[PDB]
Structure formats: C-alpha cells, structure tokens
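Text of protein_31.cif (mmCIF, C-alpha atoms) as supplied:
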```cif
data_entry
#
loop_
_atom_site.label_atom_id
_atom_site.label_comp_id
_atom_site.auth_asym_id
_atom_site.auth_seq_id
_atom_site.Cartn_x
_atom_site.Cartn_y
_atom_site.Cartn_z
CA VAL A 976 89.87 96.43 165.32
CA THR A 977 88.11 98.52 167.97
CA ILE A 978 84.51 97.67 168.86
CA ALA A 979 82.53 100.01 171.11
CA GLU A 980 79.64 97.61 171.83
CA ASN A 981 78.79 93.91 171.78
CA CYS A 982 80.60 91.57 169.39
CA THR A 983 79.00 88.21 168.61
CA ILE A 984 80.75 85.20 167.06
CA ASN A 985 78.61 82.28 165.90
CA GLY A 986 81.61 80.05 165.17
CA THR A 987 85.07 79.56 166.67
CA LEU A 988 86.99 82.43 168.29
CA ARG A 989 90.76 81.83 168.23
CA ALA A 990 92.86 84.45 170.02
CA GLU A 991 96.47 84.19 171.15
CA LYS A 992 96.27 86.42 174.23
CA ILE A 993 93.00 87.17 176.03
CA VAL A 994 92.95 90.06 178.49
CA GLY A 995 89.96 90.17 180.80
CA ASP A 996 87.96 88.32 183.48
CA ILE A 997 89.71 85.04 182.66
CA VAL A 998 91.60 82.39 184.65
CA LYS A 999 95.23 82.01 183.60
CA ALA A 1000 97.25 79.01 184.73
CA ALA A 1001 100.69 77.41 184.69
CA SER A 1002 102.25 74.34 186.28
CA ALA A 1003 105.57 72.54 186.62
CA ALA A 1004 107.29 69.84 188.66
CA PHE A 1005 110.40 70.25 190.79
CA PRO A 1006 113.68 68.92 189.35
CA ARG A 1007 114.59 65.48 190.66
CA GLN A 1008 118.08 64.50 191.81
CA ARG A 1009 118.78 60.78 191.78
CA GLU A 1010 121.37 58.18 192.71
CA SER A 1011 121.42 54.41 192.24
CA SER A 1012 117.68 53.62 192.25
CA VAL A 1013 116.28 56.46 194.41
CA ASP A 1014 115.37 60.01 193.40
CA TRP A 1015 114.10 62.99 195.38
CA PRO A 1016 112.80 66.44 194.43
CA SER A 1017 115.44 69.16 194.75
CA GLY A 1018 115.58 72.27 192.59
CA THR A 1019 114.13 75.63 191.64
CA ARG A 1020 111.07 76.66 189.63
CA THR A 1021 110.13 80.17 188.53
CA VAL A 1022 106.65 81.47 187.68
CA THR A 1023 106.49 84.85 185.93
CA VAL A 1024 103.23 86.77 185.60
CA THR A 1025 103.13 89.74 183.23
CA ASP A 1026 101.39 93.01 184.12
CA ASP A 1027 99.29 93.30 180.97
CA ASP B 211 107.26 24.61 204.84
CA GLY B 212 110.83 23.52 205.38
CA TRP B 213 113.21 21.10 207.02
CA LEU B 214 116.25 21.28 209.29
CA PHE B 215 118.52 18.28 209.90
CA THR B 216 121.33 18.71 212.42
CA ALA B 217 124.08 16.38 213.61
CA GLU B 218 126.47 17.45 216.38
CA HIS B 219 129.40 15.54 217.87
CA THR B 220 130.95 16.85 221.10
CA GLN B 221 134.29 15.50 222.32
CA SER B 222 135.85 16.11 225.74
CA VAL B 223 139.49 17.09 225.18
CA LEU B 224 142.08 19.04 227.20
CA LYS B 225 139.72 19.75 230.13
CA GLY B 226 137.36 21.38 227.62
CA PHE B 227 135.27 20.45 224.60
CA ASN B 228 135.06 20.50 220.82
CA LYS B 229 131.72 20.50 218.97
CA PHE B 230 131.54 19.62 215.27
CA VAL B 231 128.07 20.31 213.88
CA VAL B 232 126.64 19.82 210.39
CA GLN B 233 123.27 21.38 209.56
CA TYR B 234 121.18 21.24 206.39
CA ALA B 235 118.04 23.36 206.02
CA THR B 236 115.53 23.42 203.16
CA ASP B 237 113.10 26.21 202.26
CA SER B 238 111.34 28.08 205.06
CA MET B 239 114.02 27.01 207.56
CA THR B 240 116.77 28.80 205.61
CA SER B 241 115.73 32.44 206.10
CA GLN B 242 116.44 32.40 209.84
CA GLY B 243 118.64 29.30 209.98
CA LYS B 244 118.32 28.28 213.64
CA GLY B 245 115.19 26.12 213.62
CA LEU B 246 112.13 28.33 213.16
CA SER B 247 110.16 28.54 209.93
CA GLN B 248 109.20 31.63 207.92
CA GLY B 249 107.12 30.18 205.10
CA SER B 250 105.28 33.31 203.99
CA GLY B 251 108.31 34.99 202.40
CA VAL B 252 106.90 38.49 202.93
CA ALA B 253 108.50 41.34 204.88
CA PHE B 254 107.52 44.89 205.80
CA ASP B 255 109.65 47.72 204.44
CA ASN B 256 110.50 51.01 206.17
CA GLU B 257 107.05 52.48 205.46
CA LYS B 258 105.15 49.27 206.35
CA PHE B 259 104.63 48.01 202.79
CA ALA B 260 104.93 44.32 201.97
CA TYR B 261 107.66 42.97 199.70
CA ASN B 262 108.92 39.55 198.66
CA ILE B 263 111.82 37.93 200.54
CA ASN B 264 111.13 34.41 199.21
CA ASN B 265 113.44 31.82 200.78
CA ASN B 266 113.18 28.87 198.40
CA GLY B 267 116.46 26.99 198.42
CA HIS B 268 118.77 25.37 200.94
CA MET B 269 121.41 26.18 203.53
CA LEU B 270 124.46 24.16 204.54
CA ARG B 271 126.29 24.97 207.78
CA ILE B 272 129.51 23.20 208.78
CA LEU B 273 130.73 24.47 212.14
CA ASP B 274 133.46 23.45 214.58
CA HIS B 275 133.82 25.40 217.82
CA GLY B 276 135.44 24.61 221.12
CA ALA B 277 137.19 25.56 224.33
CA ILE B 278 140.63 24.22 225.26
CA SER B 279 142.94 24.59 228.26
CA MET B 280 146.72 24.43 227.76
CA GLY B 281 148.86 24.38 230.88
CA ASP B 282 147.84 26.01 234.13
CA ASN B 283 147.99 29.47 232.52
CA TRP B 284 146.54 29.25 228.99
CA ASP B 285 142.90 28.98 227.91
CA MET B 286 141.39 29.29 224.46
CA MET B 287 138.15 29.50 222.54
CA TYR B 288 138.17 28.73 218.82
CA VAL B 289 135.63 28.86 216.01
CA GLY B 290 135.43 27.76 212.38
CA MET B 291 132.24 28.21 210.36
CA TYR B 292 131.15 27.80 206.74
CA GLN B 293 127.53 28.72 205.97
CA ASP B 294 126.24 28.63 202.39
CA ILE B 295 122.69 29.91 201.81
CA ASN B 296 121.62 29.12 198.23
CA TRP B 297 118.32 30.72 197.23
CA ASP B 298 116.23 30.52 194.09
CA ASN B 299 116.10 34.32 193.72
CA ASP B 300 119.94 34.34 193.97
CA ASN B 301 119.94 36.53 197.10
CA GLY B 302 121.90 33.99 199.16
CA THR B 303 125.35 34.22 200.69
CA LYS B 304 128.54 32.26 201.37
CA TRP B 305 130.00 33.08 204.78
CA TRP B 306 133.38 31.96 206.14
CA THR B 307 134.26 32.72 209.76
CA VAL B 308 137.51 31.89 211.56
CA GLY B 309 138.12 32.99 215.12
CA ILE B 310 140.49 32.54 218.06
CA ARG B 311 140.41 33.91 221.61
CA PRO B 312 143.31 33.06 223.92
CA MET B 313 143.52 33.95 227.60
CA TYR B 314 146.60 34.13 229.83
CA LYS B 315 146.12 34.13 233.61
CA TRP B 316 148.77 35.95 235.64
CA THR B 317 146.79 35.62 238.89
CA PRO B 318 143.64 33.62 239.72
CA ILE B 319 141.63 36.86 239.37
CA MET B 320 143.43 38.92 236.72
CA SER B 321 144.11 37.84 233.14
CA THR B 322 144.80 39.17 229.65
CA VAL B 323 142.49 38.09 226.83
CA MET B 324 143.16 38.45 223.12
CA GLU B 325 140.80 37.77 220.25
CA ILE B 326 141.42 37.61 216.50
CA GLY B 327 138.51 37.12 214.12
CA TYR B 328 138.08 36.97 210.37
CA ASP B 329 134.84 37.15 208.37
CA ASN B 330 134.46 36.72 204.61
CA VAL B 331 131.01 36.84 202.98
CA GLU B 332 130.44 36.45 199.23
CA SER B 333 127.07 37.49 197.80
CA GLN B 334 125.26 35.02 195.56
CA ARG B 335 123.68 37.54 193.18
CA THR B 336 126.68 39.84 192.69
CA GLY B 337 129.66 37.54 193.29
CA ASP B 338 131.48 40.21 195.30
CA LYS B 339 133.23 39.65 198.63
CA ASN B 340 133.18 41.56 201.92
CA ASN B 341 136.03 40.68 204.26
CA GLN B 342 137.05 41.95 207.68
CA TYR B 343 139.54 41.07 210.40
CA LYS B 344 139.43 42.29 213.99
CA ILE B 345 142.03 42.11 216.76
CA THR B 346 141.09 43.04 220.32
CA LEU B 347 143.26 43.04 223.44
CA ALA B 348 141.71 43.29 226.90
CA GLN B 349 142.75 43.05 230.53
CA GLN B 350 140.05 41.47 232.65
CA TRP B 351 139.21 40.56 236.24
CA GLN B 352 136.95 37.52 236.56
CA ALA B 353 135.41 35.51 239.39
CA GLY B 354 137.41 32.35 238.83
CA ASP B 355 140.29 30.79 236.94
CA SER B 356 138.46 29.68 233.79
CA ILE B 357 137.56 31.35 230.50
CA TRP B 358 133.95 30.79 231.53
CA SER B 359 134.24 32.34 235.03
CA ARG B 360 131.86 35.23 234.67
CA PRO B 361 131.38 38.31 236.90
CA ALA B 362 134.08 39.63 234.41
CA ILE B 363 135.20 43.33 234.12
CA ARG B 364 137.39 44.07 231.09
CA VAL B 365 139.27 47.10 229.80
CA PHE B 366 139.73 46.60 226.07
CA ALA B 367 141.13 48.08 222.88
CA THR B 368 139.76 46.81 219.55
CA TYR B 369 140.98 47.36 215.98
CA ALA B 370 138.95 46.18 212.98
CA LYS B 371 139.95 46.53 209.33
CA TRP B 372 137.42 45.79 206.61
CA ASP B 373 137.00 45.90 202.84
CA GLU B 374 133.46 45.55 201.47
CA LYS B 375 132.65 45.27 197.76
CA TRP B 376 128.88 44.83 198.07
CA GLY B 377 125.98 45.81 200.30
CA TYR B 378 122.20 45.81 200.72
CA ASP B 379 120.02 48.46 199.06
CA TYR B 380 117.52 49.61 201.69
CA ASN B 381 117.11 53.17 200.41
CA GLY B 382 113.60 54.51 199.98
CA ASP B 383 110.75 51.99 200.14
CA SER B 384 109.78 48.84 198.27
CA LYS B 385 107.41 50.60 195.86
CA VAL B 386 109.90 53.12 194.44
CA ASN B 387 113.03 50.93 194.73
CA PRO B 388 113.26 47.73 192.64
CA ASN B 389 116.48 46.66 194.42
CA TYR B 390 115.02 47.02 197.93
CA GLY B 391 116.66 44.37 200.09
CA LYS B 392 118.85 43.03 197.27
CA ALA B 393 122.63 42.73 197.33
CA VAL B 394 124.27 45.27 195.01
CA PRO B 395 127.90 46.23 194.31
CA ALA B 396 129.27 49.06 196.42
CA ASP B 397 129.49 51.36 193.37
CA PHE B 398 126.08 50.67 191.84
CA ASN B 399 124.95 53.59 189.64
CA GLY B 400 126.66 56.11 191.92
CA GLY B 401 125.26 54.72 195.16
CA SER B 402 127.34 53.79 198.19
CA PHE B 403 126.53 50.39 199.69
CA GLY B 404 128.31 48.61 202.50
CA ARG B 405 130.90 50.01 204.87
CA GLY B 406 133.55 50.53 202.18
CA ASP B 407 137.25 49.92 202.73
CA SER B 408 138.50 51.32 206.03
CA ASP B 409 139.62 50.52 209.58
CA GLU B 410 138.67 51.71 213.04
CA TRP B 411 139.92 51.37 216.61
CA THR B 412 137.78 51.60 219.75
CA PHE B 413 138.45 51.21 223.46
CA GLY B 414 136.65 51.21 226.77
CA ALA B 415 135.44 49.07 229.65
CA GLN B 416 132.73 46.44 229.96
CA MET B 417 131.20 43.90 232.32
CA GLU B 418 129.67 40.53 231.46
CA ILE B 419 127.95 38.16 233.88
CA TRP B 420 125.71 35.12 233.98
CA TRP B 421 124.36 33.96 237.32
#
```
Translate this file's structure into structure tokens.
Amino acid sequence: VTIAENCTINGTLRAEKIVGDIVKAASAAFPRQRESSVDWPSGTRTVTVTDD
Amino acid sequence: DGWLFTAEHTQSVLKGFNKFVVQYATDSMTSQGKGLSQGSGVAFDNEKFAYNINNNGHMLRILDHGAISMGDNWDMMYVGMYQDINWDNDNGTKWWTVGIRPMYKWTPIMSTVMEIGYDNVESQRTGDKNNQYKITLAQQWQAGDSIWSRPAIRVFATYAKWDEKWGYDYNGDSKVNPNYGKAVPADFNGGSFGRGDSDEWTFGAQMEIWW
C-alpha cells in the first residue's frame, strides 16, 4: 500500500518494522566467567544496526 | 561474653625452665584466644561490609614449652602445642605444633643454631588437614653464651615443605560470596585455596635484639 497523504487508524496499529522518526533500542549483559563462588564479567558483545 | 581459665606450672630444670599450661576458653574468649573478648561476632570484609564470624563454642589449649641447657656447649628450646577450637558454626580448627631449636656454641660469641618445626591443622567444617615441616640452619653471633643472649646477628638458610588440603575463601566480598571466611577444600568448584603442596628454600641475614 502506498498512501500519499495522512493515514488515520482509530484502533491498533501492528507493524513489524517501523522506519521513521522513532527510537530503536537494544541491550545485553557481558558474559560472566566464574570459579568456585565468584564470577566476573569478561566477554564480547556485538550490536548491529542496519542501514534501512 | 566469655570465660578463660588458665593453669600454668613452671619447673626449674637443667639451668632452664619448663612451662606446662592448660587453658580453657568459652565463647567470646575463643576467637582471639589470649584473654581478650570479642563478643559481637561481626567483622568487616574487604569492601567494609559486615559479616558474621560468630564464636560460640569453646577452645582447649594444652601447651608445654621450655628451655634446657645440656653440657657447656648445648642449649635447646622446645615446644609442644595442641589447640582445639570447637565452634557452633563448625568453622573451628585442631592445631598440633611440635618444635625444637638446638644451639651449639663453638666460642662464647659464635654459635650454630638449628630449628625443626612441624605444624598440622585440621579444619572442623571440612575435615581436611594442612601440614608443614620447616628446617632452618643458621650461624649466629650473640652477646653472651646463652640461647637468650640477644644483640644476635644470624646468617640463615631455611627450607619448608608443606601440603595443604584446605584453605579460607576470601575472594570477592561478603555480599556476593556465601563462603566468605569459611574453610573450603583446596579444589572447591575449580577454585584454588591454601598454599597447595610444595616446598621452598630461603636464605639471608637478620638481627634480633631486646634491651
């Protein structure tokens, strides 16, 4: 669907991907290495943002 | 609160002495074991957080130590100790100590001093045993002809061999570690506690004096 002017929804809009003037977000925790009864953060995390 | 009852008998033998002491401590007098009380049972960890070191229980200490002189050339110190700390949280210990230190005087100034010591401590909560024996040989110059003549300068070589099957878990802090301050086996969940099984030899020079 292509709409050249305003589109109004009076109910629930459910889209998978939204592209425009929005705040995207992601989050993760570092891997933890442990021994006996003590653990510490040590590892790698990757965040990929797509140019769409 | 706590109690400490001590009975010591000292006998004058062989130009020296022998002291046989029996001590029994209850409760707050068991954590330190020399005659001061710590009745709160709270200690600060590495990051200054409080944790429980409760000392409910008793302590029995049977000790016999002395100094003897054989001949005009031989002197000796000797030590035998058994200290059993039995606590309600099971974090007590059972410590055996046996030690000898002979001294041979070639000249009224110069002497050779040996020392052989053995320690054996069994943990109450794990049942494991840490043992060690240490032999040191020194040549010393002292201001007198007694094993107590001080201004003493020694050149020594020491060799200590130990085998430890348990240790204390002080890693992290008390909030994140549930075994903080507790005796654990040396191979607990991949950790390494105690000094392990090894031996080491040192050497050098030292001075000791009381005036």
Determine which residues of chain A sit within 6 Å of chain B, taking into account all atoms listed in the file, and present them as a compact mmCIF listing (two decimals) with C-alpha atoms, in the frame of the given file.
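Listing of iface27.txt after writing:
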```txt
# COMPACT_ATOMS: atom_id res chain seq x y z
CA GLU A 1010 121.37 58.18 192.71
CA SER A 1011 121.42 54.41 192.24
CA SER A 1012 117.68 53.62 192.25
```
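Using only C-alpha atoms for every distance, the candidate list B:351, B:297, B:288, B:413 yields B:288 as the residue closest to residue 310 (chain B).
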_To test your reading of the syntax: which residues would the PyMOL selection byres ((chain A and resi 1005) around 9) return for the file shown? Reply as number ranges by chain._
A: 1003-1004, 1006-1007, 1016-1020
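One distance worth recording is that between CA of residue 215 (chain B) and CA of residue 268 (chain B), which is 11.4 Å.
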_Please expand the PyMOL selection byres ((chain B and resi 327) around 6) into the concrete residues it hits in this file, giving the result as a ChimeraX atom specification._
/B:308-309,326,328,343-344
_Explicit residues for the PyMOL selection byres ((chain B and resi 304) around 7) (as a list in words)_ = residues 293, 294, 295, 303, 305, 306, 331, 332 and 333 of chain B
*Could you jot down the CA of residue 235 (chain B) to CA of residue 214 (chain B) separation for me, Å, one decimal place?*
4.3 Å
Report as AutoDock Vina command-line options the centre and the edge lengths, in Å to one decimal, of the axis-aligned box holding every listed atom of region 982-997 of chain A, padded by 4 Å on each side.
```
--center_x 87.5 --center_y 85.6 --center_z 174.3 --size_x 25.9 --size_y 20.0 --size_z 26.3
```
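Our summary of the geometry notes that CA of residue 380 (chain B) is positioned 15.4 Å from CA of residue 252 (chain B).
Compared by their closest atoms to residue 219 (chain B), and using all atoms listed in the file, the residues B:254, B:352, B:276, B:261 rank with B:276 nearest.
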*May I ask which of the residues B:406, B:329, B:298, B:283 is the closest one to residue 237 (chain B), counting all atoms listed in the file?*
B:298
Since the input is missing atoms for region 985-999 of chain A, could you rebuild it with N, CA, C and O atoms and give the result as an mmCIF file, in the coordinates of the input?
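The resulting file, selection_24.cif, is shown below:
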```cif
data_model
loop_
_atom_site.group_PDB
_atom_site.id
_atom_site.type_symbol
_atom_site.label_atom_id
_atom_site.label_comp_id
_atom_site.auth_asym_id
_atom_site.auth_seq_id
_atom_site.Cartn_x
_atom_site.Cartn_y
_atom_site.Cartn_z
ATOM 1 N N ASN A 985 79.417 83.488 165.978
ATOM 2 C CA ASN A 985 78.610 82.280 165.900
ATOM 3 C C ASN A 985 79.437 81.044 165.575
ATOM 4 O O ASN A 985 78.870 79.958 165.424
ATOM 5 N N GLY A 986 80.754 81.182 165.465
ATOM 6 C CA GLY A 986 81.610 80.050 165.170
ATOM 7 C C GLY A 986 82.682 79.849 166.224
ATOM 8 O O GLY A 986 82.381 79.737 167.415
ATOM 9 N N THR A 987 83.937 79.800 165.792
ATOM 10 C CA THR A 987 85.070 79.560 166.670
ATOM 11 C C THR A 987 85.903 80.834 166.786
ATOM 12 O O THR A 987 86.336 81.390 165.771
ATOM 13 N N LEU A 988 86.122 81.289 168.014
ATOM 14 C CA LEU A 988 86.990 82.430 168.290
ATOM 15 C C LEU A 988 88.356 81.896 168.701
ATOM 16 O O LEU A 988 88.459 81.123 169.657
ATOM 17 N N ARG A 989 89.397 82.308 167.985
ATOM 18 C CA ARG A 989 90.760 81.830 168.230
ATOM 19 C C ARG A 989 91.656 83.043 168.434
ATOM 20 O O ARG A 989 92.067 83.685 167.466
ATOM 21 N N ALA A 990 91.969 83.349 169.688
ATOM 22 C CA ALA A 990 92.860 84.450 170.020
ATOM 23 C C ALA A 990 94.111 83.905 170.700
ATOM 24 O O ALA A 990 94.070 82.877 171.379
ATOM 25 N N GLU A 991 95.230 84.602 170.504
ATOM 26 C CA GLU A 991 96.470 84.190 171.150
ATOM 27 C C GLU A 991 96.500 84.604 172.611
ATOM 28 O O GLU A 991 96.674 83.764 173.501
ATOM 29 N N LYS A 992 96.327 85.894 172.876
ATOM 30 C CA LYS A 992 96.270 86.420 174.230
ATOM 31 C C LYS A 992 94.891 87.012 174.482
ATOM 32 O O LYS A 992 94.370 87.769 173.658
ATOM 33 N N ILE A 993 94.301 86.660 175.620
ATOM 34 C CA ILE A 993 93.000 87.170 176.030
ATOM 35 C C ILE A 993 93.184 87.943 177.320
ATOM 36 O O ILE A 993 93.705 87.403 178.304
ATOM 37 N N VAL A 994 92.762 89.207 177.323
ATOM 38 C CA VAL A 994 92.950 90.060 178.490
ATOM 39 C C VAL A 994 91.600 90.494 179.049
ATOM 40 O O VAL A 994 91.055 91.529 178.648
ATOM 41 N N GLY A 995 91.048 89.706 179.967
ATOM 42 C CA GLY A 995 89.960 90.170 180.800
ATOM 43 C C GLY A 995 89.140 89.069 181.431
ATOM 44 O O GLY A 995 88.733 88.128 180.744
ATOM 45 N N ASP A 996 88.855 89.211 182.728
ATOM 46 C CA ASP A 996 87.960 88.320 183.480
ATOM 47 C C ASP A 996 88.147 86.852 183.102
ATOM 48 O O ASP A 996 87.178 86.124 182.879
ATOM 49 N N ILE A 997 89.398 86.408 183.026
ATOM 50 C CA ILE A 997 89.710 85.040 182.660
ATOM 51 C C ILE A 997 90.669 84.451 183.699
ATOM 52 O O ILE A 997 91.285 85.167 184.489
ATOM 53 N N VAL A 998 90.789 83.126 183.686
ATOM 54 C CA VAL A 998 91.600 82.390 184.650
ATOM 55 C C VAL A 998 92.832 81.875 183.911
ATOM 56 O O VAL A 998 92.738 80.941 183.106
ATOM 57 N N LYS A 999 93.983 82.482 184.179
ATOM 58 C CA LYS A 999 95.230 82.010 183.600
ATOM 59 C C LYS A 999 95.809 80.911 184.489
ATOM 60 O O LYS A 999 95.497 80.826 185.677
#
```
